[PDB]
Amino acid sequence: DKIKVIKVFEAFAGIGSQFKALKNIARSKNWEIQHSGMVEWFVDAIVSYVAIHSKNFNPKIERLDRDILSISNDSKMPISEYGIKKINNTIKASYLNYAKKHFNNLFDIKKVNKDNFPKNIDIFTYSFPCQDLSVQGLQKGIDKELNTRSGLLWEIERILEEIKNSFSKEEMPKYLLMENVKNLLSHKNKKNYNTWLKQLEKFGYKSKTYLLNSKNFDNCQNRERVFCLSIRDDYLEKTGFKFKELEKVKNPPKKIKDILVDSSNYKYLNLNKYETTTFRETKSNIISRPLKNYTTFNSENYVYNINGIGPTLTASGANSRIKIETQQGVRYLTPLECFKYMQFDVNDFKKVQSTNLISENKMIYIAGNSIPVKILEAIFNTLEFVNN
DNA sequence: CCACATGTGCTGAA
DNA sequence: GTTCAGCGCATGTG
Ligand SMILES: Nc1ncnc2c1ncn2[C@@H]1O[C@H](CSCC[C@H](N)C(=O)O)[C@@H](O)[C@H]1O
Ligand code: NA
(Lines give C-alpha, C1' and ligand atoms only; values in the text may rest on other atoms or scores of the structure.)
(Ligands and ions follow the chains in the order given, each with its own letter.)
Protein backbone atom coordinates (compact mmCIF):
# COMPACT_ATOMS: atom_id res chain seq x y z
CA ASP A 1 0.00 0.00 0.00
CA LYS A 2 1.26 3.49 0.90
CA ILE A 3 2.48 1.75 4.10
CA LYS A 4 5.55 3.47 5.53
CA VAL A 5 8.28 1.39 7.17
CA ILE A 6 9.37 3.06 10.42
CA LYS A 7 12.86 2.03 11.55
CA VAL A 8 13.17 2.81 15.27
CA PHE A 9 16.31 2.88 17.42
CA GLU A 10 15.87 2.95 21.20
CA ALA A 11 18.87 4.09 23.25
CA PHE A 12 18.39 3.18 26.92
CA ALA A 13 15.45 1.11 25.70
CA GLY A 14 14.34 -0.35 29.04
CA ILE A 15 11.22 -2.46 28.42
CA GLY A 16 10.48 -0.56 25.21
CA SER A 17 7.64 1.81 26.00
CA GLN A 18 8.75 3.69 22.86
CA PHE A 19 8.35 0.55 20.73
CA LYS A 20 5.05 -0.29 22.44
CA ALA A 21 3.66 3.20 21.71
CA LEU A 22 4.67 2.95 18.05
CA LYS A 23 3.06 -0.49 17.60
CA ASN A 24 -0.14 0.77 19.28
CA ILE A 25 -0.63 3.64 16.79
CA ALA A 26 0.89 1.87 13.77
CA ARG A 27 -2.29 0.86 11.91
CA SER A 28 -3.98 4.26 12.46
CA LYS A 29 -0.89 5.90 10.90
CA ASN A 30 -0.49 3.18 8.23
CA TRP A 31 2.98 2.32 9.54
CA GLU A 32 4.95 -0.87 9.94
CA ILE A 33 7.32 -0.59 12.88
CA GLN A 34 10.73 -2.23 12.52
CA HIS A 35 13.65 -2.72 14.93
CA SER A 36 16.61 -0.72 13.69
CA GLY A 37 18.38 -1.42 16.98
CA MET A 38 18.54 -0.72 20.70
CA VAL A 39 20.83 -0.08 23.64
CA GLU A 40 20.03 -1.54 27.03
CA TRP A 41 22.49 -3.18 29.41
CA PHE A 42 20.14 -4.03 32.28
CA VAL A 43 19.55 -7.80 32.33
CA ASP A 44 16.01 -7.72 33.75
CA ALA A 45 14.99 -4.99 31.29
CA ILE A 46 16.52 -6.92 28.38
CA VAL A 47 14.73 -10.12 29.40
CA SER A 48 11.49 -8.24 29.96
CA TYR A 49 11.90 -6.36 26.67
CA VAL A 50 12.27 -9.66 24.81
CA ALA A 51 9.27 -11.22 26.58
CA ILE A 52 7.05 -8.22 25.73
CA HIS A 53 8.10 -7.59 22.12
CA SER A 54 9.21 -10.94 20.64
CA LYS A 55 7.08 -13.09 18.32
CA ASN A 56 7.70 -16.84 18.36
CA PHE A 57 10.76 -16.72 20.62
CA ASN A 58 11.36 -19.99 22.42
CA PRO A 59 13.68 -19.69 25.42
CA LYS A 60 16.14 -22.50 26.07
CA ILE A 61 19.43 -23.15 27.84
CA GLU A 62 22.21 -21.52 25.80
CA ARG A 63 25.80 -20.32 26.13
CA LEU A 64 25.97 -16.55 26.47
CA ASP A 65 27.53 -15.05 23.33
CA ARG A 66 31.20 -14.30 23.98
CA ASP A 67 30.96 -10.57 23.03
CA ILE A 68 28.02 -9.85 25.41
CA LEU A 69 30.30 -8.49 28.13
CA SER A 70 29.03 -5.04 29.13
CA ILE A 71 25.78 -5.78 30.99
CA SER A 72 24.43 -5.00 34.45
CA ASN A 73 22.41 -6.90 37.07
CA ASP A 74 21.44 -3.82 39.11
CA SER A 75 21.33 -1.25 36.21
CA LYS A 76 24.06 0.92 37.86
CA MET A 77 27.28 -1.12 37.85
CA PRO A 78 28.81 -3.51 35.31
CA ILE A 79 28.51 -7.23 36.09
CA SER A 80 31.62 -9.13 37.22
CA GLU A 81 33.30 -12.09 35.46
CA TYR A 82 31.55 -14.34 37.99
CA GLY A 83 28.11 -12.91 37.24
CA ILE A 84 28.67 -13.43 33.53
CA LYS A 85 29.54 -17.10 34.22
CA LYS A 86 26.31 -17.52 36.23
CA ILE A 87 24.28 -16.33 33.21
CA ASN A 88 26.19 -18.63 30.83
CA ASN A 89 24.41 -21.97 30.26
CA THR A 90 20.96 -20.80 31.39
CA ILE A 91 17.60 -19.96 29.79
CA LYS A 92 18.25 -16.31 30.70
CA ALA A 93 21.23 -16.34 28.30
CA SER A 94 18.92 -17.02 25.34
CA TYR A 95 16.97 -13.84 26.14
CA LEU A 96 20.25 -11.88 25.97
CA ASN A 97 21.41 -13.68 22.80
CA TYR A 98 17.99 -12.99 21.22
CA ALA A 99 18.11 -9.26 22.05
CA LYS A 100 21.49 -9.14 20.32
CA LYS A 101 20.51 -11.24 17.31
CA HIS A 102 16.90 -10.28 16.52
CA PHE A 103 16.71 -6.73 18.01
CA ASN A 104 20.29 -5.59 17.33
CA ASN A 105 20.89 -4.68 20.97
CA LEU A 106 24.34 -3.09 21.34
CA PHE A 107 23.94 -3.16 25.15
CA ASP A 108 26.33 -0.40 26.25
CA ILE A 109 25.97 3.17 24.93
CA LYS A 110 29.76 3.58 25.20
CA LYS A 111 30.16 0.81 22.61
CA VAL A 112 27.91 2.56 20.06
CA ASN A 113 29.72 4.34 17.22
CA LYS A 114 29.65 5.19 13.48
CA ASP A 115 30.64 1.65 12.45
CA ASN A 116 27.68 -0.02 14.26
CA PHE A 117 25.03 2.73 14.49
CA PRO A 118 22.31 2.00 11.90
CA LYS A 119 21.71 4.31 8.95
CA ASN A 120 18.41 5.83 7.82
CA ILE A 121 16.79 5.64 11.24
CA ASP A 122 13.33 7.16 11.25
CA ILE A 123 13.00 7.56 15.02
CA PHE A 124 15.85 7.70 17.53
CA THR A 125 14.76 7.61 21.18
CA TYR A 126 16.95 8.37 24.19
CA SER A 127 15.28 8.20 27.58
CA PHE A 128 18.65 8.60 29.32
CA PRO A 129 19.18 7.89 33.05
CA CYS A 130 17.21 10.09 35.46
CA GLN A 131 18.88 9.18 38.78
CA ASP A 132 21.24 12.17 39.03
CA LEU A 133 18.44 14.55 37.91
CA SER A 134 15.47 13.35 40.06
CA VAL A 135 14.45 15.54 43.01
CA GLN A 136 14.08 12.29 45.03
CA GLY A 137 17.81 11.49 44.52
CA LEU A 138 21.13 13.12 45.44
CA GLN A 139 21.02 15.60 42.52
CA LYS A 140 24.58 15.12 41.29
CA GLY A 141 23.53 16.62 37.94
CA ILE A 142 24.99 16.20 34.47
CA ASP A 143 28.25 18.17 34.55
CA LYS A 144 30.60 16.49 32.05
CA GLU A 145 33.51 16.44 34.54
CA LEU A 146 31.59 14.37 37.09
CA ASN A 147 30.77 11.44 34.75
CA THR A 148 27.39 10.70 36.35
CA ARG A 149 24.88 8.19 34.96
CA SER A 150 22.50 10.95 33.82
CA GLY A 151 25.61 12.39 32.13
CA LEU A 152 25.46 9.47 29.68
CA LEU A 153 23.45 12.07 27.78
CA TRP A 154 26.89 13.18 26.56
CA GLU A 155 27.47 9.78 24.89
CA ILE A 156 24.56 10.68 22.63
CA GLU A 157 26.53 13.84 21.79
CA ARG A 158 29.57 11.69 20.95
CA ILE A 159 27.51 9.36 18.75
CA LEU A 160 25.81 12.16 16.81
CA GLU A 161 29.14 13.95 16.35
CA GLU A 162 30.69 10.76 14.93
CA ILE A 163 27.86 9.89 12.53
CA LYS A 164 27.58 13.47 11.24
CA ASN A 165 30.95 13.17 9.45
CA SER A 166 30.43 9.66 8.02
CA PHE A 167 26.71 9.55 7.19
CA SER A 168 25.11 11.50 4.41
CA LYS A 169 22.61 14.10 5.63
CA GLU A 170 19.81 11.75 4.51
CA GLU A 171 21.28 8.82 6.49
CA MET A 172 21.06 10.74 9.80
CA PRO A 173 18.04 9.98 12.02
CA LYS A 174 14.86 11.78 10.90
CA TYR A 175 13.43 12.34 14.37
CA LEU A 176 15.01 12.24 17.84
CA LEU A 177 13.04 11.94 21.10
CA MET A 178 14.45 12.66 24.55
CA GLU A 179 12.66 11.84 27.80
CA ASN A 180 13.65 12.69 31.35
CA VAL A 181 12.39 13.97 34.70
CA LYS A 182 10.96 17.42 35.42
CA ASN A 183 13.98 18.53 37.44
CA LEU A 184 15.96 18.57 34.16
CA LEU A 185 14.58 22.12 33.80
CA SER A 186 15.81 23.28 37.26
CA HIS A 187 18.08 26.33 37.63
CA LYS A 188 21.27 24.28 38.10
CA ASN A 189 20.32 21.85 35.31
CA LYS A 190 19.11 24.52 32.82
CA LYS A 191 22.65 25.47 31.81
CA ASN A 192 23.52 21.90 30.79
CA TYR A 193 20.14 21.39 29.08
CA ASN A 194 20.59 24.57 27.03
CA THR A 195 24.11 23.42 26.11
CA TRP A 196 22.56 20.21 24.74
CA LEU A 197 19.92 22.10 22.70
CA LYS A 198 22.62 24.21 20.99
CA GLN A 199 24.45 21.00 20.01
CA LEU A 200 21.30 19.46 18.54
CA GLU A 201 21.04 22.71 16.61
CA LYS A 202 24.71 22.37 15.55
CA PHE A 203 23.95 18.78 14.43
CA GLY A 204 21.21 20.11 12.09
CA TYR A 205 18.08 19.50 14.18
CA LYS A 206 15.16 21.74 15.08
CA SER A 207 13.72 20.90 18.48
CA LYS A 208 10.84 21.69 20.82
CA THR A 209 10.80 21.04 24.56
CA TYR A 210 7.56 19.73 26.12
CA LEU A 211 6.68 19.41 29.82
CA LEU A 212 3.86 16.87 29.84
CA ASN A 213 1.87 15.33 32.66
CA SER A 214 0.62 11.76 32.18
CA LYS A 215 -2.66 12.68 33.87
CA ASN A 216 -3.56 14.65 30.73
CA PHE A 217 -2.99 11.55 28.59
CA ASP A 218 -5.69 9.08 29.69
CA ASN A 219 -3.85 8.12 32.89
CA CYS A 220 -4.53 8.09 36.63
CA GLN A 221 -0.96 9.10 37.50
CA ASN A 222 0.64 12.43 38.24
CA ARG A 223 3.90 12.21 36.31
CA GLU A 224 5.50 15.27 34.74
CA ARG A 225 8.21 14.50 32.21
CA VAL A 226 10.37 16.58 29.87
CA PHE A 227 10.39 15.63 26.21
CA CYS A 228 12.64 17.09 23.55
CA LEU A 229 11.35 16.21 20.09
CA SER A 230 13.83 16.90 17.30
CA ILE A 231 13.44 16.80 13.51
CA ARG A 232 16.28 16.87 10.98
CA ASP A 233 16.13 20.40 9.54
CA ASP A 234 15.96 19.38 5.86
CA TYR A 235 13.35 16.68 6.57
CA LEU A 236 11.22 19.38 8.21
CA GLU A 237 11.44 21.36 4.95
CA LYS A 238 10.54 18.34 2.79
CA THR A 239 7.65 17.11 4.96
CA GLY A 240 6.22 20.48 6.02
CA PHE A 241 6.09 19.16 9.60
CA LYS A 242 5.03 21.47 12.43
CA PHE A 243 5.32 20.99 16.18
CA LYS A 244 1.90 20.65 17.80
CA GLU A 245 1.18 22.36 21.13
CA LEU A 246 1.00 19.26 23.32
CA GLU A 247 1.16 21.11 26.66
CA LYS A 248 -2.43 22.37 26.15
CA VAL A 249 -3.91 18.88 25.63
CA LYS A 250 -6.36 17.86 28.39
CA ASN A 251 -7.97 14.46 27.86
CA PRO A 252 -10.76 13.18 30.12
CA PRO A 253 -9.45 12.37 33.59
CA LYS A 254 -8.86 8.84 34.86
CA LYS A 255 -8.97 7.47 38.40
CA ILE A 256 -6.82 4.83 40.13
CA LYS A 257 -10.14 2.95 40.50
CA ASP A 258 -10.19 2.35 36.73
CA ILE A 259 -7.02 0.20 36.57
CA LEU A 260 -7.38 -1.90 39.73
CA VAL A 261 -7.62 -5.69 39.45
CA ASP A 262 -10.05 -7.57 41.70
CA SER A 263 -8.66 -10.29 43.97
CA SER A 264 -9.69 -12.33 47.02
CA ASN A 265 -6.13 -12.84 48.23
CA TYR A 266 -4.38 -9.46 48.44
CA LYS A 267 -2.17 -8.64 51.43
CA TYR A 268 -3.34 -5.62 53.43
CA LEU A 269 -1.26 -3.34 55.62
CA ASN A 270 -1.89 -3.01 59.33
CA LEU A 271 -2.11 0.72 59.97
CA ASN A 272 -4.23 0.66 63.16
CA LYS A 273 -1.31 2.13 65.15
CA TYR A 274 -1.00 5.29 62.98
CA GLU A 275 -3.08 8.45 63.41
CA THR A 276 -4.41 10.00 60.19
CA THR A 277 -6.72 12.73 58.85
CA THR A 278 -9.38 13.35 56.22
CA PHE A 279 -8.49 12.98 52.57
CA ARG A 280 -7.60 16.29 50.90
CA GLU A 281 -7.55 16.91 47.13
CA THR A 282 -4.77 19.08 45.71
CA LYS A 283 -4.85 21.25 42.59
CA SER A 284 -3.36 18.32 40.63
CA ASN A 285 -6.25 15.89 41.49
CA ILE A 286 -4.13 13.83 43.94
CA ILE A 287 -6.35 12.85 46.87
CA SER A 288 -4.31 11.71 49.87
CA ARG A 289 -4.09 11.54 53.65
CA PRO A 290 -0.97 11.33 55.84
CA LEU A 291 0.02 8.70 58.39
CA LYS A 292 1.43 10.22 61.58
CA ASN A 293 4.55 8.59 63.10
CA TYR A 294 4.85 6.12 60.19
CA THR A 295 8.35 7.12 59.03
CA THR A 296 10.61 10.18 58.87
CA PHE A 297 10.53 10.00 55.03
CA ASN A 298 7.71 12.27 53.84
CA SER A 299 6.92 10.53 50.54
CA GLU A 300 6.42 7.17 52.33
CA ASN A 301 3.74 8.59 54.68
CA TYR A 302 0.71 8.84 52.36
CA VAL A 303 -2.30 6.69 51.55
CA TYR A 304 -4.02 7.58 48.30
CA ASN A 305 -7.73 7.67 47.49
CA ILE A 306 -8.70 5.62 44.45
CA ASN A 307 -11.17 8.27 43.17
CA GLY A 308 -8.35 10.59 42.13
CA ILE A 309 -4.95 10.16 40.55
CA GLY A 310 -1.85 8.76 42.19
CA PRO A 311 1.74 9.89 42.60
CA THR A 312 4.64 9.37 40.23
CA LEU A 313 5.69 5.72 40.19
CA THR A 314 9.39 5.54 40.93
CA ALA A 315 11.58 2.50 40.34
CA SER A 316 12.34 2.07 44.04
CA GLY A 317 11.66 3.30 47.55
CA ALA A 318 8.66 5.28 48.69
CA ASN A 319 6.95 5.94 45.36
CA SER A 320 7.35 2.31 44.24
CA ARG A 321 5.23 1.41 47.31
CA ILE A 322 1.98 3.23 46.49
CA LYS A 323 -0.58 2.66 49.26
CA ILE A 324 -4.23 2.83 48.19
CA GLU A 325 -7.38 2.65 50.32
CA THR A 326 -9.93 0.08 49.16
CA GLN A 327 -13.02 -1.33 50.86
CA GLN A 328 -11.01 -4.48 51.73
CA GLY A 329 -8.28 -2.31 53.36
CA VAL A 330 -5.08 -0.46 52.47
CA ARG A 331 -2.62 -2.22 50.16
CA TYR A 332 0.17 -1.48 47.69
CA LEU A 333 -0.45 -1.28 43.95
CA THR A 334 0.61 -4.67 42.58
CA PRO A 335 3.23 -5.27 39.88
CA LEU A 336 0.43 -5.94 37.36
CA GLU A 337 -1.29 -2.73 38.44
CA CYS A 338 2.03 -0.84 38.19
CA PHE A 339 2.41 -2.04 34.58
CA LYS A 340 -1.12 -0.76 33.91
CA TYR A 341 -0.21 2.49 35.73
CA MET A 342 2.48 2.99 33.07
CA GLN A 343 -0.08 2.10 30.36
CA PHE A 344 1.30 -1.28 29.40
CA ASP A 345 -1.43 -3.91 29.22
CA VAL A 346 -2.11 -7.13 31.15
CA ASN A 347 -0.64 -9.25 28.34
CA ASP A 348 2.71 -7.40 28.52
CA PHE A 349 2.79 -8.15 32.24
CA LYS A 350 1.82 -11.81 31.87
CA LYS A 351 4.67 -12.29 29.39
CA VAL A 352 7.21 -10.79 31.81
CA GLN A 353 5.73 -12.82 34.67
CA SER A 354 5.76 -15.97 32.51
CA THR A 355 9.55 -15.78 32.10
CA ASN A 356 9.88 -16.72 35.80
CA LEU A 357 13.09 -14.63 35.88
CA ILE A 358 11.92 -11.25 37.21
CA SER A 359 10.96 -10.77 40.88
CA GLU A 360 7.95 -8.66 41.91
CA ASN A 361 10.11 -5.71 43.03
CA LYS A 362 12.15 -5.96 39.82
CA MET A 363 8.93 -5.83 37.76
CA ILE A 364 7.96 -2.65 39.61
CA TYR A 365 11.53 -1.34 39.20
CA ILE A 366 11.47 -1.64 35.40
CA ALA A 367 7.93 -0.22 35.22
CA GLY A 368 9.06 2.71 37.38
CA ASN A 369 11.96 3.32 35.00
CA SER A 370 9.63 3.40 31.97
CA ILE A 371 7.40 6.07 30.33
CA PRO A 372 3.58 6.15 30.27
CA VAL A 373 2.86 4.70 26.84
CA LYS A 374 0.01 7.01 25.78
CA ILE A 375 2.18 10.13 26.19
CA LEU A 376 4.51 8.65 23.57
CA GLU A 377 1.50 7.73 21.41
CA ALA A 378 0.41 11.39 21.43
CA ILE A 379 3.93 12.61 20.61
CA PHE A 380 4.41 10.05 17.83
CA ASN A 381 1.04 10.99 16.29
CA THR A 382 2.50 14.40 15.35
CA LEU A 383 5.30 12.93 13.20
CA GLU A 384 5.16 13.08 9.39
CA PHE A 385 7.13 10.99 6.88
CA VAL A 386 7.61 11.17 3.10
CA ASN A 387 5.99 8.44 0.98
CA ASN A 388 9.16 7.46 -0.98
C1' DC B 1 11.00 33.86 57.23
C1' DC B 2 6.25 30.85 56.43
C1' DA B 3 2.91 26.90 54.27
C1' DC B 4 2.28 23.77 50.58
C1' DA B 5 3.36 20.32 46.79
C1' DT B 6 5.91 16.46 45.35
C1' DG B 7 9.55 12.93 43.99
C1' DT B 8 12.08 7.21 36.80
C1' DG B 9 16.09 7.67 44.88
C1' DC B 10 19.82 5.74 48.11
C1' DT B 11 22.33 2.15 50.83
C1' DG B 12 24.31 -0.95 54.69
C1' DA B 13 22.94 -4.74 57.73
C1' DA B 14 22.17 -9.32 57.18
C1' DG C 1 28.35 -9.97 45.42
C1' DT C 2 22.42 -9.32 46.67
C1' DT C 3 18.35 -6.98 48.62
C1' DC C 4 14.91 -3.83 50.47
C1' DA C 5 13.25 -1.48 54.93
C1' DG C 6 14.35 2.51 56.69
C1' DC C 7 15.57 6.90 55.71
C1' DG C 8 15.22 13.49 54.10
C1' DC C 9 15.44 17.20 51.81
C1' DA C 10 15.78 19.49 47.27
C1' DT C 11 13.18 22.53 44.23
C1' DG C 12 9.98 24.77 43.48
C1' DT C 13 5.06 28.10 43.94
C1' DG C 14 2.59 31.49 46.43
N1 LIG D 1 26.20 2.61 30.27
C2 LIG D 1 24.96 2.24 29.84
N3 LIG D 1 24.77 1.71 28.61
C4 LIG D 1 23.54 1.34 28.19
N5 LIG D 1 22.41 1.45 28.91
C6 LIG D 1 22.46 1.97 30.16
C7 LIG D 1 23.77 2.40 30.70
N8 LIG D 1 23.54 2.87 31.93
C9 LIG D 1 22.20 2.75 32.16
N10 LIG D 1 21.55 2.22 31.11
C11 LIG D 1 20.08 1.95 31.04
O12 LIG D 1 19.32 3.11 30.72
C13 LIG D 1 17.95 2.87 31.06
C14 LIG D 1 17.22 4.19 31.35
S15 LIG D 1 15.50 3.86 31.55
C16 LIG D 1 14.64 4.50 30.15
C17 LIG D 1 13.23 3.88 30.13
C18 LIG D 1 12.90 3.11 28.85
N19 LIG D 1 12.66 4.11 27.76
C20 LIG D 1 11.71 2.16 29.01
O21 LIG D 1 10.83 2.02 28.16
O22 LIG D 1 11.56 1.45 30.01
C23 LIG D 1 17.98 1.89 32.23
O24 LIG D 1 17.16 0.74 31.98
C25 LIG D 1 19.45 1.50 32.36
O26 LIG D 1 19.59 0.11 32.59
NA1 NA E 1 30.35 -6.38 51.83
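Residue numbers start from 1 in every chain, and the chains themselves are labelled A, B, ... in the order their sequence lines are given, proteins ahead of strands. No hydrogens, no waters, no symmetry mates; every other heavy atom, side chains included, goes into these values.
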Exercise. How is A:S320 classified with respect to the nucleic acid when contacts are heavy atoms under 4.0 Å: base, sugar-phosphate, or nothing?
Worked result: nothing

Problem set entry | Closest nucleotide among C:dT11, B:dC10, B:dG7 to the A:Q136 side chain | B:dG7

Problem set entry | A:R321 side chain, from C-beta outward: closest of C:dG8, B:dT6, C:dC7 | C:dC7

Exercise. Side chain of A:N73: nearest nucleotide among C:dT11, C:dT2, B:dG9?
Worked result: C:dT2

Exercise. So, is A:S134 near the phosphate of B:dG9, with a side-chain N or O under 4.0 Å from OP1 or OP2?
Worked result: no

Exercise. Is any side-chain N of the basic residue among A:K20 and A:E10 closer than 4.0 Å to the acidic one's carboxylate O?
Worked result: no

Exercise. A:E300 side chain: which of B:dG7, C:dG6, B:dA5 is closest?
Worked result: C:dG6

For this session: For the residue pair A:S284 and A:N222, confirm or rule out a side-chain donor-acceptor distance under 3.5 Å.
Result: no

Exercise. What is the ring orientation for A:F57 with A:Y98, classed by angle as parallel under 30°, tilted 30 to 60°, or perpendicular over 60°?
Worked result: tilted

Exercise. Out of B:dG7, B:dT11, C:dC7, which nucleotide sits closest to the side chain of A:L138?
Worked result: B:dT11

Seminar exercise, completed: Winner on side-chain proximity to A:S186, out of B:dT6, B:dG9, C:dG12, is C:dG12

Problem set entry | Side chain of A:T314 (C-beta onward), nearest among B:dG7, C:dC7, C:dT3 | B:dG7

Exercise. Would you say A:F297 stacks on B:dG9, if stacking means ring centres under 5.5 Å apart and planes within less than 30 degrees?
Worked result: yes

Exercise. Is the phosphate of C:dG6, meaning OP1 or OP2, less than 4.0 Å from a side-chain N or O of A:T295?
Worked result: no

Exercise. Of all the nucleotides listed (C:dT11, C:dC7, B:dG7), which has the minimum atom distance to the side chain of A:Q139?
Worked result: C:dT11

Problem set entry | A:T282 side-chain proximity, nearest of B:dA5, B:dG7, C:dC4 | B:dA5

For this session: Under 4.0 Å between any heavy atoms, over every strand shown, what does A:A318 touch: base, sugar-phosphate, or nothing? Just pick one.
Result: base

Exercise. Under 4.0 Å between a side-chain N or O of A:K76 and OP1 or OP2 of B:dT11?
Worked result: no

For this session: Indicate whether OP1 or OP2 belonging to B:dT6 is found under 4.0 Å from a side-chain N or O atom of A:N183.
Result: no

